[PDB]
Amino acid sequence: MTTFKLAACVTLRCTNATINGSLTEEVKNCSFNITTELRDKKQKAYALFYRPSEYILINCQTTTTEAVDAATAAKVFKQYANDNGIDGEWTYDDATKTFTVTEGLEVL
């Protein structure tokens, strides 16, 4: 069989965080939208980004699967995405056998 890969990405918009007393450019507070019900609703969520014009993070998780052909892997990854509440624009690169699904790219 062949190894296929999936990158599931969500986009986050960052601004200055608030740490103890006040704002900081050191640390970034980053909000994004997580699907709470497939096809119906999402809700706001956040994360912190610390690194020792807009500011955007893309949080990606990747996984692989063995399959005979791209069509089989597409079915598998589609179902995996739905099950895990991942929805967005899909692409496929045949050269690298890699699918991507990205959520909220309109931000970038």
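Residue numbers run from 1 along the displayed sequence.
Higher mean CA temperature factor between 20 to 28 and 92 to 100: 20 to 28, per the PDB entry. In this crystal structure, the stretch out of 66 to 74 and 79 to 87 whose C-alpha atoms carry the higher mean B factor is 79 to 87.
Of the residues listed, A45, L38, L57, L48, the entry assigns the biggest Cα temperature factor to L38. Remark: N33 belongs to the lowest third of its chain, ranked by C-alpha B-factor as recorded.
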